[PDB]
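Protein chains in written order, with our numbering: chain H, 1 to 140; chain U, 141 to 280; chain E, 281 to 420; chain C, 421 to 560; chain S, 561 to 700; chain G, 701 to 840; chain B, 841 to 980; chain W, 981 to 1120; chain L, 1121 to 1260; chain V, 1261 to 1400. For each residue, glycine too, the CB sits at the ideal point set by N, CA and C. See structure below.
Protein chains: 10
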Amino acid sequence: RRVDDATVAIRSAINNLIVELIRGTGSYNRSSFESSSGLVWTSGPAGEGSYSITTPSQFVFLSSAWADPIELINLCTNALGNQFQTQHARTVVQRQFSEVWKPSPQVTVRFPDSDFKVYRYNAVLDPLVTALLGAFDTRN
Amino acid sequence: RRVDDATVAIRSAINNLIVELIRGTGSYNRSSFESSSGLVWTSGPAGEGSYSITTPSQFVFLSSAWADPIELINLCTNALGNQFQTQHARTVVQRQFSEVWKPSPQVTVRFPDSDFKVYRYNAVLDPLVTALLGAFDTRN
Amino acid sequence: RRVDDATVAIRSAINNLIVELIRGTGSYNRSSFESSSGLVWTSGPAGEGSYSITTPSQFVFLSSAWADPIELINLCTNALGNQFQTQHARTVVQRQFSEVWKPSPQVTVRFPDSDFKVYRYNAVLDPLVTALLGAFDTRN
Amino acid sequence: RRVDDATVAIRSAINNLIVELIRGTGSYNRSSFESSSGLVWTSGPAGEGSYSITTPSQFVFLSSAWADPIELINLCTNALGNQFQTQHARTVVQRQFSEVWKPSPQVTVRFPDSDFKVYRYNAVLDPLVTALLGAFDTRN
Amino acid sequence: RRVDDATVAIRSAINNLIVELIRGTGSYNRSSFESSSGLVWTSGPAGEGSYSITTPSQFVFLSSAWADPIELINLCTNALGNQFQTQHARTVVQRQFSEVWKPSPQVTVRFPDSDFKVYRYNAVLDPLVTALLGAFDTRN
Amino acid sequence: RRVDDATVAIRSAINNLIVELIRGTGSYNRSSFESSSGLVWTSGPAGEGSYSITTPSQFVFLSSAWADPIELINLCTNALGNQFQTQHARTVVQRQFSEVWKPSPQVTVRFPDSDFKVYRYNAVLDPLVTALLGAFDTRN
Amino acid sequence: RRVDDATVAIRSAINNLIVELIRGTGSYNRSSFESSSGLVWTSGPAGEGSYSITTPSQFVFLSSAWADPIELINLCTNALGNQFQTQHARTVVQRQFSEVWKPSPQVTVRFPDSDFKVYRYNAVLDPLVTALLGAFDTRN
Amino acid sequence: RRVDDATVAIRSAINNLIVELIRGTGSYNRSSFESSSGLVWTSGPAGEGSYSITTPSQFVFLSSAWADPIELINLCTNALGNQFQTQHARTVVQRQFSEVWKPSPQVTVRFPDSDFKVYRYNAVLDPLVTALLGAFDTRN
Amino acid sequence: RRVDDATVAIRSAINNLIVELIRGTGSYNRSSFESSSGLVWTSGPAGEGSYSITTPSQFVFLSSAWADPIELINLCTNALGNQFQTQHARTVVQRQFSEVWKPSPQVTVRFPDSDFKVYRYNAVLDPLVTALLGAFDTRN
Amino acid sequence: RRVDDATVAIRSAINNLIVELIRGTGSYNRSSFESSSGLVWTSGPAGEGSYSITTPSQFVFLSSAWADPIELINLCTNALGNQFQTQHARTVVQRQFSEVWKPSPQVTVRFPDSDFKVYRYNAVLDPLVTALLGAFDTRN
Ligand code: HEM
Ligand code: HEM
Ligand code: HEM
Ligand code: HEM
Ligand code: HEM
Ligand code: HEM
């Protein structure tokens, strides 16, 4: 009797994450990333460079917390077509939603010039992703 | 006693999706796609090209979220003649409705010249397809 | 005790479909098809040709949704003489009513010159066929 | 306790069909068939010919829906002497009443010159034959 | 407790059929047959001939619905001395009362010159024979 | 292990009957029947007549031993496609091959004017039909 | 251990039938049918006509022994992709190969004007179809 | 112990089909199809037309025996990565290799203008596809 | 006792594929792809274009048969650290090695300008990938 | 009796890897990496840059195939003190030896300026690491 509630909660979390991903919120380019994080890129001699860390909070921006937008929305699309009545599908898509966040900007690696990335800890996407990952945590 | 409710819900979702697909809503050609998505095709040197991304929301338009109209309506027709009292048919047609959405427009691939495509995240078709995919998620 | 209700519902749906097929409703020749679908056939160079698509809804007219009238009415006649108390007969005749709809008009294939075809998504036949296919979806 | 009701219903349906067959209703020769169905036989070049279809309803007249009167009344006579308490006899005589309807008039095959035929979808015989075929659909 | 009722009903039906057969009702010679059926015999070239059919109801007169009076009354006499408490006797004598009706007059075969025949569908014998054949349809 | 031998024997008998029916042997019209049977038709007063019996052997020609050629060859065709590993199919097609023989010529009924009939006791067809009917007599 | 042999025999029979159907052998139009069967079509008054029967063997040509070439080769193609290890597939495709033979030429119905038909008892196709129908007759 | 042999045979058949598909053999365009099949396209009045059938062998070319080359080679690629130790995968990929053959050229529908098609009954591909479909027929 | 052999075979196939991937064989850029496949890219007006197909073999080059080299070698690295004694790991890494091949060049989509891709049907990599995918097909 | 052999093989592989890691073989800095891989770093505008790929083999150098030397030798030290008689320890340390290889040089990320990295596919370390990962693949 709890599997139905688990399925409904999973679907609701996926739909809310999809609603916010459609509007594009939580997606950053180089400009928005370096502006909102306060990280300034200095291009030392000659082919490398580095970000100037001013507060430790910026370290969150340099963690494994970025995913490709197309990959993430495709993951949502394919997840909506799963048998969440089963524990196996829940485990698999939970691991998929957890592992999709990879690092892109680092202390010595500048944010990509033209690509966009999805921030795991964006103020709007963070609660949705947290509730989504928590919705799979229901066993029988 | 829940299999009957699952069957009725599945049939209702299929009927609603069919009702909206008959009117052609959610179907895009190159003109309507590039108009509603805001994506402008620039023809870089020389035989290729790319879409100009102005907001990250447009990434949803470039995901795996497009299906052939004839294939989709034939899928609906053939799905309406299944024994949804069985779990096997539910799983199979759920996978069919989930995998019918493939990518067609990409960052370096312009929308097809003359063909039409069905948008998974069209404002009208999105809730119907979501409810349809969720209706199969009922096990015994 | 539900098999009796399933049998009665199946028989009623078959009888209603028969009543509307007898009156000839939902049957199209080349003239009526090209008139009601708005598809105009242009005879391009030189021995072939194509239909001019003006709205995407017309794609439903070009799907696998056409059946021979005599074949369909014979299917109904022979189906009325089945043991629908059994699940096997229900499954078999459901598959028969689902697979009888084949494609005939296409974008590059004109509607047959003299034959008649039954439209799966005719405004009158659509609910009858839907209710018929749903009546077989009852198991024990 | 339902086998008695099934037997009584089967016998009542057979008796009603017999009552209407005794009066000769639903029997057509070439003249009455081609007059009441509106099908006009045109003798194309040179030794053959075809019926001219003016409305699609006429297709019902060209289906597998004709039986020999003597064969049908003999089937009724022999059916009245069966043990309908058994499911096997019900199934067998249901198949017999279903297979007695064969095609005689076709698009390229004219109605027989002198014989008479019984119309499965005659306005009077249709409900009786339908109820008869449905009366056998009772299991225990 | 139902076998006694079945036996009593069978005996009552046999007694009623016997009562009407004793009076000779439902027995026809060539004169009475050709008078009551309206069938007129024309002697075509040269040693044969045929009946002139004026209405299709007459076809019932030419079916397998005729029995020898002596054979039928002997069948009744011997049937009254059976153990109808058993299902076997019921089945056997039901088949005997069903198979006694054979064809004798046909479209191209005139009624026998001097013999008498019993008409299965005589207005008086029809309900009695029907009720008799139906009385055997009782199992335990 | 005996059902395989029974199946092979049944198929061989059906094939032999088919081979001899293809050549048309054992098929009679009025001329060949009245010539080979020695029965002479005298046209007594006035529209009827009778055959003049000269030897009692001719009585075999007047028994229930005639079948329509097309019906018989169709019976063979459909019988070749049965599951004779099962007892049910063997019993059913045995009864079908036994009941197809009906009477046509009688002492007071001349052979049909234009039709053909198959003689059950034709010198060639008799052993084939006998072996066929005997091949089904194998049970477990 | 016998199911493997049954499967191999079924596949071999289907392959041989396909090999001979590819070359078109056993396929007849009106000219070849009326030439090889000896049946001469006389166009009686006025839009109909009849075949002149000279020997009873010709009745085989007028039986239910004709199939559409495209339908038959499609049946073979789809049958080659079945699980013949199962009895169900064997029974079903045996019934399909048995029922594909329908009547087309009759005594009062001339061979179709332009279509082609496959002769069930053609000298080359007869043994292949017989062996095919017999190969399915293996149960456990 | 037989599942290993079945798997090896399946893999060998898939590899052989891939070997011949890589070289492109058995693939036809409009030119090669109309040249090797002998079918000549006449452009009747006015926007349609038809193929002129000169021998019945050409009917094989007009059956459901054509597949897209890219779809077929992708099917082979994905099939090579299955767990053929299981019966389910064997059944599924057998159905996939059986259903990939669809009709494209018809009597009134010319071969596609620019596309290519794979001929199920090409002299080289026919035995390979037959052996492939037959290799899956191994159960326990 | 067969799981050890299965593990050893899997490891040997992975090591051979790794040996050939280290040398870079089977990797193509735009130049090598368009040179070895014979496909010539024409840049029609204005932002799109197409490849000119000269033989059907080239269709293999346009299928879903390309993988990123880094992704493929990382897949090999991670696969070498699995518990192939278990069936689950075998199934998972088999599906991973089967699904890693995606399409990149198409008829209307030119090969990427600067990236490299791994050809599934390269003359050297094809047997190794086939043997690798077949090595996982061993169950207990 | 196989767990002892598995333990001995695991310990031997760890000892061989340790023997080669002590001598420092397979460890690269920026100079040795860019010398042995042939990858030349070009400093595009302005603070970033990229490696110039001349042959596809170099892609192996840019995969997830690098580990910190101290982390790897500490992993070996701590692994030598495990209870490899248990399956759990084998699985865990196998995953540890598989996941220690991470990417460090990328197409747009130059090799670290002063740190050292251990190359998974070094000519000497490759067989040792492969045999080590394979030694854990023994279950009971
Ligand atoms: C018992 C649990 C089973 C599960 C979880 C299962 C799962 C699946 C899945 C995931 C598919 C793919 C559907 C798609 O790609 O759209 C499928 C297809 C299929 N399965 Fe099963 N299956 C089961 C049992 C069976 C069995 C026992 C049979 C046959 C004996 C069977 C027959 C088929 C067939 C014929 C298809 C192909 C349907 C199509 O045309 O796409 N299934 N099944
Ligand atoms: C137990 C589960 C069974 C299932 C799910 C099943 C399913 C099917 C299906 C899907 C068809 C095809 C219907 C069509 O294409 O219109 C069919 C046909 C058929 N089956 Fe079964 N079947 C079962 C058992 C059996 C058995 C055990 C037998 C015989 C011993 C049988 C006899 C037949 C026959 C004779 C047909 C042909 C019906 C026709 O003429 O169209 N079935 N069945
Ligand atoms: C147990 C399940 C059985 C089923 C589902 C079954 C089914 C059928 C069917 C479908 C027919 C064809 C009826 C027609 O074509 O109108 C038939 C006929 C027949 N069956 Fe069975 N049968 C069963 C048992 C048996 C058995 C065990 C026997 C004999 C030992 C038997 C004897 C016959 C006979 C004699 C006929 C011929 C009826 C006629 O003349 O039309 N049946 N049965
Ligand atoms: C158990 C189920 C049985 C059934 C369904 C059955 C069925 C039949 C049928 C259909 C007839 C032919 C009736 C007619 O043509 O008028 C008959 C006659 C007969 N049966 Fe049975 N039978 C059964 C058992 C038996 C047994 C076990 C015996 C003997 C040990 C037996 C002895 C006879 C006899 C002697 C006749 C001849 C009746 C006559 O002279 O007309 N029956 N039965
Ligand atoms: C018992 C039967 C099982 C079957 C038939 C099965 C089937 C599958 C399939 C088809 C995949 C997809 C692999 C891919 O897409 O590459 C998968 C992945 C996976 N399964 Fe299972 N599974 C089973 C048991 C389990 C169990 C019991 C667990 C965990 C308790 C599990 C954990 C996983 C995980 C973590 C993945 C993700 C692998 C990846 O990263 O791609 N599996 N499984
Ligand atoms: C019975 C089957 C079991 C399996 C297949 C299994 C599998 C695994 C796996 C895959 C890891 C990850 C290793 C890594 O990331 O390097 C792990 C770690 C671990 N497991 Fe298990 N486990 C099992 C049972 C248990 C149980 C019952 C316990 C404790 C009661 C346990 C205690 C641990 C611990 C403490 C770790 C952390 C090791 C570390 O420091 O990385 N395991 N196990």
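Go ahead and pull the three-state DSSP assignment for residue i.
{"i": "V600 of chain S", "result": "strand"}
{"i": "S1310 of chain V", "result": "strand"}
{"i": "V387 of chain E", "result": "coil"}
{"i": "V1072 of chain W", "result": "helix"}
{"i": "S175 of chain U", "result": "helix"}
{"i": "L1200 of chain L", "result": "coil"}
{"i": "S1037 of chain W", "result": "coil"}
{"i": "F237 of chain U", "result": "helix"}
{"i": "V999 of chain W", "result": "helix"}
{"i": "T978 of chain B", "result": "coil"}
{"i": "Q227 of chain U", "result": "helix"}
{"i": "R841 of chain B", "result": "coil"}
Around the C-beta of residue i, are 16 or more other C-beta atoms found within 10 angstroms, so that it is buried, or is it exposed?
{"i": "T895 of chain B", "result": "exposed"}
{"i": "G744 of chain G", "result": "exposed"}
{"i": "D1375 of chain V", "result": "exposed"}
{"i": "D1125 of chain L", "result": "exposed"}
{"i": "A326 of chain E", "result": "exposed"}
{"i": "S944 of chain B", "result": "buried"}
{"i": "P1247 of chain L", "result": "exposed"}
Name the DSSP bridge partner or partners of residue i?
{"i": "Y448 of chain C", "result": "C:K537"}
{"i": "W66 of chain H", "result": "H:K102, H:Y119"}
Which residues bound the alpha helix (DSSP H) around residue i?
{"i": "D1106 of chain W", "result": "1105 to 1115"}
**OP:** Assess, as a yes-or-no matter, whether the segment 204 to 211 of chain U is touched by the segment 69 to 86 of chain H under the definition of 3 or more beta carbon pairs within less than 8 Å.
**Re:** By the criterion of at least three beta-carbon pairs nearer than 8 Å, the segment 69 to 86 of chain H is in contact with the segment 204 to 211 of chain U.
Original post:
Is the segment 1238 to 1251 of chain L in contact with the segment 1159 to 1166 of chain L, if contact means three or more CB pairs nearer than 8 Å?
Top reply: As far as the Cβ criterion goes, the segment 1238 to 1251 of chain L does not touch the segment 1159 to 1166 of chain L, which means the pair count is below three.
Original post:
Taking three-plus beta-carbon pairs below 8 Å as touching, is the segment 124 to 139 of chain H in contact with the segment 79 to 99 of chain H?
Top reply: Verdict: yes, contact present.
Original post:
Counting pairs of Cβ atoms below 8 Å between the segment 426 to 440 of chain C and the segment 301 to 311 of chain E, do you hit three or more?
Top reply: Segments in contact, no.
Original post:
Are the segment 6 to 13 of chain H and the segment 80 to 92 of chain H in contact at 8 Å, needing three or more beta carbon pairs?
Top reply: Contact between the segment 6 to 13 of chain H and the segment 80 to 92 of chain H is present, because at least three Cβ pairs lie under 8 Å.
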